[PDB]
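Asker: Protein chains in written order, with PDB author numbering: chain B, 17 to 204; chain A, 17 to 204; chain C, 1 to 218; chain E, 1 to 218; chain D, 1 to 213; chain F, 1 to 213.
Every residue gets a Cβ at the ideal spot worked out from N, C-alpha and C, and that includes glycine.
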Amino acid sequence: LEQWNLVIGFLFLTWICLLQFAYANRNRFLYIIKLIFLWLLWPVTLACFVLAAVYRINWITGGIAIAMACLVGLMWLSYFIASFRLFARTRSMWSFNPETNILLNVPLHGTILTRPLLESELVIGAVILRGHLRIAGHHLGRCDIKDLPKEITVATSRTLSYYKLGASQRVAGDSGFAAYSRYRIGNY
Amino acid sequence: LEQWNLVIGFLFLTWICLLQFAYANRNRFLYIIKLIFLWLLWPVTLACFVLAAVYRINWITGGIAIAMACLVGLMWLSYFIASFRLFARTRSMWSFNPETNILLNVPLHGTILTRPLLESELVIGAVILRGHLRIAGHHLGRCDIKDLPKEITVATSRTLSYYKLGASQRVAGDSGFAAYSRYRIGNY
Amino acid sequence: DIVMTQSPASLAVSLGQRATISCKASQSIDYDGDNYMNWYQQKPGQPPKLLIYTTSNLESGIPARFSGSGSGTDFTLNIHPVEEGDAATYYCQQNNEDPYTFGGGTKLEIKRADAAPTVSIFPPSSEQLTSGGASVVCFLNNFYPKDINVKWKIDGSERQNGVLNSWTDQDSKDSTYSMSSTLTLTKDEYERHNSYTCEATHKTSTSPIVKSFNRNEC
Amino acid sequence: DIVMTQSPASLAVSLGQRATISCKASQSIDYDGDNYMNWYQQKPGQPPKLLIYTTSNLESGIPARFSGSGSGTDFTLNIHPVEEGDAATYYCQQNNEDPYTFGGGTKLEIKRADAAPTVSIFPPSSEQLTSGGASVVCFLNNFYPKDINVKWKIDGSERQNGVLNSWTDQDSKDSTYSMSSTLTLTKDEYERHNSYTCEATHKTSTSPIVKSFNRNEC
Amino acid sequence: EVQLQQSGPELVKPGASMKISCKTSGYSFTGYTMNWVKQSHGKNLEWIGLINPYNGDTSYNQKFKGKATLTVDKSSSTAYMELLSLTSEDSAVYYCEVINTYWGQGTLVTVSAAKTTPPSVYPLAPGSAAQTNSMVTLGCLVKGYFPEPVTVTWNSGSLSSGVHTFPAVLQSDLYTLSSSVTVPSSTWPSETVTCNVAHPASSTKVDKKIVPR
Amino acid sequence: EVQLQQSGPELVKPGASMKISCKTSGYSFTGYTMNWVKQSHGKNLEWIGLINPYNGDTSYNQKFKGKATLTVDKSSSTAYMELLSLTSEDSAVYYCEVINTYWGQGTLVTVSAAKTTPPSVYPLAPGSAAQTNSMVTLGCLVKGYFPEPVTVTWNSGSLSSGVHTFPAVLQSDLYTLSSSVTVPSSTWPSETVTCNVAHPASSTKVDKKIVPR
Ligand SMILES: Cc1nc(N2CCC(N(C)c3cc(C(=O)NCCN4CCCC4)cnn3)CC2)nc(C)c1CC(C)C
Ligand SMILES: Cc1nc(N2CCC(N(C)c3cc(C(=O)NCCN4CCCC4)cnn3)CC2)nc(C)c1CC(C)C
């Protein structure tokens with residue numbers, strides 16, 4: 017009856033809270049929660065469409081509802097296929113992120129920090145603010161300019177791009193800035 | 017009855033479409049549409065909460081629903097107050113964007129392109145890709161590295177920060193990169 | 001508002017060495033964990049030239065031998081190696097709170113091997129004497145250090161009246177201080193004597209240098 | 001597959017001029033509207049040194065006199081001003097498609113005023129003759145240009161058996177070509193004659209420069 | 001790069017007003033804010049205020065509020081600063097910078113009720129004591145003028161290696177400065193030497209040549 | 001900065017595998033991919049393949065597939081390349097770069113079944129009729145050795161300027177190179193001269209000094 021409306025209101029409140037906090041803060045766990053919510057978004061839409069269709073007032077409404085449900089389902093299946101292809105290529109669990117199918121590997125201090133990249137571009141910039149590193153708008157922890165990675169890479173289905181550190185500048189002692197430019201590509 | 021569910025499904029579909037297109041593409045009109053939808057998000061939550069409260073199954077559900085509605089309402093009112101303060105300071109219609117209360121003025125080729133900034137930071141980076149300029153993740157049209165603005169500014173309620181071009185590098189002929197570092201602050 | 005107490009009021013360092021300029025703020029100019037403190041230099045007759053901003057950021061085109069340091073209230077500008085063309089006045093400014101205030105400025109003097117002033121005395125122009133006036137000038141060019149005193153003797157009597165001295169700023173071509181002395185008089189006193197001399201005492205020789213002309217051969 | 005074809009196979013330019021190295025791809029190496037074309041430099045006995053990447057991006061620490069240009073299939077490397085230490089081999093590589101291929105490499109020669117070879121003939125060591133062998137070696141050091149022919153003759157008869165020559169690469173300290181000649185023989189033929197002559201014909205003098213020695217004084 | 005050309009020196013009587021322009025070139029005028037700075041006594045740099053030429057909102061020093069007003073003219077890309085009710089304290093050099101990097105040449109403002117006076121230039125030829133050395137030292141005595149500044153050059157800009165211009169010294173309401181040139185003994189009186197002085201406030205250009213006694 | 005130290009030269013019989021190490025320093029070994037390059041005949045640079053030392057997945061040239069296998073040892077930061085079924089075609093110098101910027105010094109691989117022989121060094125003292133030069137030039141004849149390379153230095157590294165080392169010439173399965181040093185005529189025999197050769201393959205370091213004839 018009204019339970020659907022209440023849960024929808026709670027969902028919108030949660031989305032607002034994540035939006036107003038995850039935008040300013042890029043904590044890894046908050047980021048993962050936002051990813052999980054974004055993934056959940058699709059089944060919510062499918063459930064809404066099917067529930068509207070089953071209680072269709074007239075034939076046209078049910079038909080359009082089921083058509084939209086099928087559209088969302090095929091979109092979800094295609095995105096799952098691409099995600100599984102990316103996982104097979106990179107064998108990393110980050111490939112199943114609902115954001116996209118491009119991964120950014122950052123060899124930071126012994127480990128490699130893989131993050132979803134929204135677009136593979138010729139230039140990716142790095143900015144260090146108060147000692148905290150952000151590459152492609154992703155908080156990768158504490159780092160300083162002198163030990164910044166000299167090479168990163170971006171992994172996509174049937175492609176692998178390698179970047180190298182361009183010019184690196186130091187701003188106000190602890191803050192800083194840098195860029196990563198493509199110099200190589202590897203298919204398969 | 018089920019009209020609310022169908023409109024909610026359509027709203028989620030529209031949000032997905034904007035998310036999957038506005039993320040990769042930063043067209044000004046698409047950006048404005050996304051801003052309008054994000055603004056609409058709040059009244060949708062308020063309507064859902066009030067509709068749940070009026071048809072409360074039990075007293076506790078209605079009480080929590082009205083409490084959440086009041087919380088959302090006071091948040092909306094406070095954000096409106098901050099937005100109006102920013103507009104009074106800057107007298108620009110961009111100050112009413114639902115994203116935040118920080119504006120980025122970019123003096124680009126005679127005009128000034130004001131965009132909502134999600135955080136005022138000591139360093140803001142600029143990247144030119146194939147001749148298209150993005151500052152703080154905002155598409156500001158066609159530009160090249162040599163004529164890049166030598167000074168930008170970030171406007172906030174009771175503060176005004178001025179940046180100046182740091183090091184500027186050219187990548188692969190047409191693409192490029194640059195940074196903007198704070199050198200001054202102006203209160204009031 | 002804020003007063004930037006810049007120290008020392010004057011500095012003197014030889015070439016190839018390190019020069020340190022201090023600037024203490026009355027209160028912390030720190031904002032958001034960063035201090036906005038520019039550093040300028042201003043050669044004579046020129047506008048200030050920005051060297052550092054945000055207390056550590058070298059301006060584009062400035063030699064890398066200028067370094068900005070410090071934080072809190074105490075700030076510091078370091079020049080290393082001090083070169084030939086660093087004789088100037090250096091200012092500290094805070095771009096943090098309205099009004100933006102400057103420091104009192106400290107002038108950087110370059111130390112160099114002591115030299116002798118090429119003292120040259122000139123007779124008053126007959127062109128000037130056509131107007132009833134006569135001023136004896138004496139150029140003490142290319143000496144070092146700055147301190148130097150001049151004695152004007154007429155008929156052996158020293159004169160302390162009408163002696164105007166005009167030093168120059170330390171040259172950048174060769175880092176020398178030049179001086180000019182002028183002893184103005186109207187024609188009657190000028191022709192009341194015939195012998196004039198400009199004696200310069202400088203701490204590069206035991207006895208003062210003396211240059212003279214007498215009105216007999218004029 | 002891709003085949004980078006450099007041009008010219010060898011180059012020769014004087015100091016202060018501009019050197020242009022071409023590199024044509026069999027097929028366009030564009031990806032997303034960009035060409036990934038590195039340029040390397042390899043002085044003899046040394047690993048390649050990256051100068052340019054992404055067909056226009058100067059490597060960090062490389063003098064800003066190497067410029068990468070071109071697009072599509074035709075690429076180009078320009079050196080200006082060609083300096084004393086640019087005598088090397090320059091390679092073009094495409095970091096676009098597996099396999100990443102290199103160009104054949106073009107040798108950059110530096111033009112310099114012609115000089116004379118300090119010809120010097122050495123007698124075979126008694127140490128070597130203790131083993132029955134004896135090789136006469138003649139060093140032709142610090143000449144230019146590269147082309148030089150050495151004429152070995154004993155007792156007036158020219159010798160062309162066992163004459164092994166070993167040129168050096170163009171020096172970077174002097175930009176001159178040195179050469180060595182070795183006329184190997186065993187003891188019987190070496191003692192069958194006394195006078196040995198090593199003369200070099202070079203286009204810096206009218207007649208060959210002759211150096212010789214015999215066994216009647218050594 | 002950017003350029004900032006100001007209005008030349010201006011003598012203004014006490015209790016008056018004047019406008020110091022700062023014409024901008026090499027960049028879109030509305031892009032960058034324009035700061036105004038004042039250097040009094042030659043060392044005391046003081047911030048006046050800044051103007052945003054796009055919308056036109058300023059920000060003054062509370063010490064200079066009511067004394068300086070900042071305006072812009074987008075059409076001709078020239079900013080302005082009007083000094084109100086000038087006083088003896090307001091005599092200084094007023095600079096215009098943009099990003100703290102590109103400054104103007106300085107508008108020297110002299111707030112005095114005294115009269116203008118062109119310089120009565122005089123020559124300085126050596127006597128019989130400086131005629132024995134390898135190279136002759138000649139000079140030009142720019143005497144009795146008002147106000148600052150005066151530009152002394154030798155032979156209309158040819159001689160610049162070994163030229164000393166000694167700052168002026170105010171006395172009796174009239175300034176006075178000397179200039180010296182060191183040239184080899186084979187260049188004088190063999191080659192012409194002229195000390196061309198250009199007093200801007202009086203529209204005077206005296207070109208006096210040194211004649212040996 | 002980064003460093004890449006390889007294994008020295010290795011003489012390998014035909015059809016016998018070998019391993020070329022490339023020890024990394026100055027950076028975390030895992031994080032930069034390691035490329036392998038081959039320079040045959042001294043000019044033909046050929047790409048072999050690259051390995052990601054984190055997960056261990058490689059990418060070879062199809063020509064070198066089955067001929068070269070790339071492995072890593074994260075414990076010692078040492079990358080490896082194993083050449084399978086070596087042939088006379090595989091004689092070359094194998095480099096290891098990381099970001100196309102930092103390279104190794106090159107592992108010279110000689111694929112031959114021939115013997116090893118230390119160099120029978122000889123002195124080259126100028127004769128009594130070879131004093132025409134104002135400064136005496138001496139040399140060392142490194143004769144009859146195998147395989148490449150040989151390190152010819154004068155006076156154990158004292159003389160690093162004015163020295164010419166002439167490349168070897170393979171003849172009769174044995175290499176041969178000469179070296180020349182030009183020193184002032186007042187320096188020899190006034191100061192001792194020694195050509196210290198160092199043939200690595202046979203672990204031979206002959207330090208021969210030139211005596212006037
Ligand atoms: C773990 C799992 N997960 C998923 N889904 C996770 C979320 C979605 N997912 C990862 C996306 C989203 C986009 C996209 O939204 N792109 C929009 C465009 N981006 C924005 C601008 C440019 C780039 C693309 N690809 N994959 C769908 C797949 N399914 C299944 C069955 C399973 C179970 C397994 C173990 C069998
Ligand atoms: C035109 C108008 N508009 C609005 N609203 C527009 C949308 C909201 N709006 C502009 C925000 C959002 C945030 C925020 O969501 N911040 C989250 C934190 N950001 C993310 C990470 C850091 C920064 C903040 N401030 N204002 C609310 C106000 N109301 C009214 C009555 C009117 C009518 C007028 C003409 C009287």
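Considering just the uninterrupted stretch of the alpha helix (DSSP H) at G89(A), what are its terminal residues?
Answerer: Residue numbering aside, residue 89(A) sits at position 73 when the second sequence is read from its first letter. It spans 75–106 - the alpha helix (DSSP H) in which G89(A) sits, taken as one unbroken run.
Asker: Along the segment 48–73 of chain D, where does the CB come closer than 7 Å to a CB of chain A? Name the residues.
Answerer: Here the close residues are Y54, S59.
Asker: At which residues does the beta strand (DSSP E) containing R200(B) begin and terminate?
Answerer: Counting from 1 along the first sequence, the entry for residue 200(B) is found at position 184. Here the beta strand (DSSP E) through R200(B) covers 191–202.
Asker: Would you say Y190(C) and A134(C) are within 7 Å of each other, going by their C-beta atoms?
Answerer: Counting from 1 along the third sequence, the entry for residue 190(C) is found at position 190. Counting from 1 along the third sequence, the entry for residue 134(C) is found at position 134. Their beta carbons are under 7 Å apart, which means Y190(C) touches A134(C) by this criterion.
Asker: Counting only beta-carbon separations shorter than 7 Å, does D114(E) have a partner in chain B?
Answerer: The residue labelled residue 114(E) in the question sits at position 114 within the fourth sequence. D114(E) does not count as touching chain B.
Asker: Output the residue ranges of the beta strand (DSSP E) runs that lie fully inside the segment 6–87 of chain F and measure 3 residues or longer, sorted by chain position.
Answerer: 10–12, 18–25, 34–40, 44–51, 58–60, 68–73, 78–83
Asker: Since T118(C) and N95(C) are thought to touch, with beta carbons under 8 Å apart, how far apart are those beta carbons, to the nearest angstrom?
Answerer: As a working mapping, residue 118(C) is identified with position 118 in the third sequence. As a working mapping, residue 95(C) is identified with position 95 in the third sequence. Not confirmed; about 46 Å, so no contact.
Asker: To be precise: take each residue of the segment 27–60 of chain C, compare its Cβ to all Cβ atoms of chain A, and keep it if any distance is under 8 Å. Which residues remain?
Answerer: Correct list: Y31, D32, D34, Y36, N38, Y53, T54, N57, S60.
Asker: So that I know if they touch, is there some Cβ in chain D lying closer than 7 Å to that of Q128(C)?
Answerer: Position 128 of the third sequence, counting from 1, holds the residue named residue 128(C). Judged by the 7 Å Cβ criterion, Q128(C) is in contact with chain D.
Asker: In this structure, what does DSSP give as the bridge partners for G139(D)?
Answerer: As a first step, residue 139(D) is located in the fifth sequence; it is residue number 139 there, counting from the start. Per DSSP, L124(D), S180(D).
Asker: Can you name the residues that DSSP bridges to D86(E)?
Answerer: Along the fourth sequence, read from residue 1 onward, the residue named residue 86(E) stands at position 86. Looking at the DSSP assignment, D86(E) forms no beta bridge with any residue, so it has no partner.
Asker: Shorter than 7 Å from the beta carbon of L22(B) to some beta carbon of chain A?
Answerer: Reading the first sequence from its first residue, position 6 is the one you call residue 22(B). By the rule that beta-carbons nearer than 7 Å mark a contact, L22(B) touches chain A.
Asker: Got a sec? Which residues, its chain only, sit under 6 Å from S28(E) by beta carbon, not counting five neighbours each side?
Answerer: For the purposes of this step, residue 28(E) is identified with residue 28 of the fourth sequence, where counting begins at 1. Result list for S28(E): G72, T73, in chain order.
Asker: At a Cβ threshold of 7 Å, is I128(B) touching chain F?
Answerer: As a working note, residue 128(B) is residue 112 in the first sequence. Taking Cβ atoms only, chain F reaches closer than 7 Å to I128(B), which makes this a yes.
Asker: Examine ligand 1 and report whether any of its heavy atoms sits within less than 6 Å of the Cβ of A98(B).
Answerer: Here residue 98(B) corresponds to residue number 82 of the first sequence, with the count starting at 1. Under cutoff, so the answer is yes.
Asker: Would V139(B) pass as a contact of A195(B) if the rule is Cβ separation under 7 Å?
Answerer: Along the first sequence, one-based indexing puts residue 139(B) at 123. Along the first sequence, one-based indexing puts residue 195(B) at 179. Cβ distance < 7 Å, so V139(B) and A195(B) count as in contact.
Asker: If we define contact as Cβ-Cβ less than 7 Å, is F213(C) a contact residue for chain D?
Answerer: Along the third sequence, read from residue 1 onward, the residue named residue 213(C) stands at position 213. Answer yes: the Cβ-Cβ gap between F213(C) and chain D drops below 7 Å somewhere.
Asker: Assuming the contact rule is C-beta atoms closer than 8 Å, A40(B) and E135(A) should be a hit. Round their C-beta distance to whole Å, please.
Answerer: Residue 40(B) sits at position 24 when you count from the first residue of the first sequence. Residue 135(A) sits at position 119 when you count from the first residue of the second sequence. That pair is a contact at about 6 Å.
Asker: Quick test of your reading: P99(C) and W47(D), contact by CB under 8 Å. State the CB separation rounded to the nearest angstrom.
Answerer: Working through the third sequence from its first residue, we reach residue 99(C) at position 99. Working through the fifth sequence from its first residue, we reach residue 47(D) at position 47. So it is a contact: roughly 5 Å between Cβ atoms.
Asker: Looking only at C-alpha atoms, which of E148(F), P149(F), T153(F) sits nearest to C140(F)?
Answerer: Here residue 140(F) is taken as the residue at index 140 of the sixth sequence, counted from 1. Nearest option by C-alpha distance: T153(F).
Asker: Can you confirm whether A195(A), when its beta carbon is compared against all beta carbons of chain E, has any partner nearer than 7 Å?
Answerer: The sequence position of residue 195(A) within the second sequence is 179, counting from 1. No, its Cβ sits nowhere closer than 7 Å to a Cβ of chain E.
Asker: State the Cα-Cα distance for the pair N203(A) and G49(D), rounded to the nearest angstrom.
Answerer: By one-based count along the second sequence, residue 203(A) stands at place 187. By one-based count along the fifth sequence, residue 49(D) stands at place 49. If I take the Cα positions, the gap works out to 13 Å.
Asker: Could you check whether the Cβ of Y39(A) sits closer than 6 Å to any heavy atom belonging to ligand 1?
Answerer: Indexing the second sequence from 1 puts residue 39(A) at position 23. It does: the Cβ of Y39(A) is within 6 Å (strictly closer) of some heavy atom of ligand 1.
Asker: Could one say the Cβ of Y199(A) lies closer than 7 Å to chain C's Cβ atoms, at least one of them?
Answerer: Walking along the second sequence from the start, residue 199(A) turns up at place 183. Yes, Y199(A) counts as interfacial toward chain C.
Asker: If we count the other Cβ atoms within 10 Å of its Cβ and call it buried at 16 or more, is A104(B) buried or exposed?
Answerer: Within the first sequence, residue 104(B) is the residue found at index 88, counting from 1. Counting the other Cβ atoms within 10 Å of the Cβ of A104(B) gives fewer than 16, which makes it exposed.
Asker: Name, please, each residue of chain C whose Cβ falls closer than 8 Å to the Cβ of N203(A).
Answerer: Working through the second sequence from its first residue, we reach residue 203(A) at position 187. By Cβ distance, chain C contributes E97, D98.
Asker: How about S22(E) and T76(E): do their beta carbons lie closer than 7 Å?
Answerer: As a first step, residue 22(E) must be located in the fourth sequence, where it is residue number 22. As a first step, residue 76(E) must be located in the fourth sequence, where it is residue number 76. A contact, by the Cβ cut-off of 7 Å.
Asker: Do we get a CB-CB distance below 7 Å when we pair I99(D) with the residues of chain A?
Answerer: Indexing the fifth sequence from 1 puts residue 99(D) at position 99. Chain A, which has a Cβ nearer than 7 Å to the Cβ of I99(D), makes this yes.
Asker: Taking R146(A) as the query, report the chain E residues whose CB atoms sit under 7 Å from its CB, ordered along the chain.
Answerer: The residue you call residue 146(A) lines up with position 130 of the second sequence. Chain E residues near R146(A): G33.
Asker: Throw me the rounded Cβ distance for the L133(A) and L120(A) pair, which I believe falls under 8 Å.
Answerer: Here residue 133(A) refers to the residue found at position 117 when the second sequence is read from its first residue. Here residue 120(A) refers to the residue found at position 104 when the second sequence is read from its first residue. Going by Cβ atoms, the distance from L133(A) to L120(A) rounds to 4 Å, so yes, they are a contact pair.
Asker: Quickly, what does DSSP pair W103(D) with across the bridge? List them, please.
Answerer: On the fifth sequence, position 103 is the one that residue 103(D) refers to. Partner(s): none; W103(D) has no beta bridge.
Asker: Which class does residue 210(A) belong to by DSSP, given the choice of helix, strand or coil?
Answerer: Limits of chain A in this structure are 17 at one end and 204 at the other, which puts residue 210(A) out of reach.
Asker: By the three-class DSSP mapping on this structure, what secondary structure does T127(A) have?
Answerer: Sequence index remark: in the second sequence, residue 127(A) carries index 111 (1-based). Strand at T127(A).
Asker: Just checking, does the segment 124–140 of chain D make contact with the segment 173–191 of chain D on the three C-beta pairs under 8 Å criterion?
Answerer: yes
Asker: Is the Cβ-Cβ distance between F96(A) and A81(A) less than 7 Å?
Answerer: Working through the second sequence from its first residue, we reach residue 96(A) at position 80. Working through the second sequence from its first residue, we reach residue 81(A) at position 65. One thing to note: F96(A) has its Cβ no nearer than 7 Å to the Cβ of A81(A).
Asker: Assuming contact is defined by CB atoms lying nearer than 7 Å, are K180(A) and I99(D) in contact in what I supplied?
Answerer: In the second sequence, residue 180(A) corresponds to position 164, counting from 1. In the fifth sequence, residue 99(D) corresponds to position 99, counting from 1. In contact: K180(A) and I99(D) (Cβ atoms closer than 7 Å).
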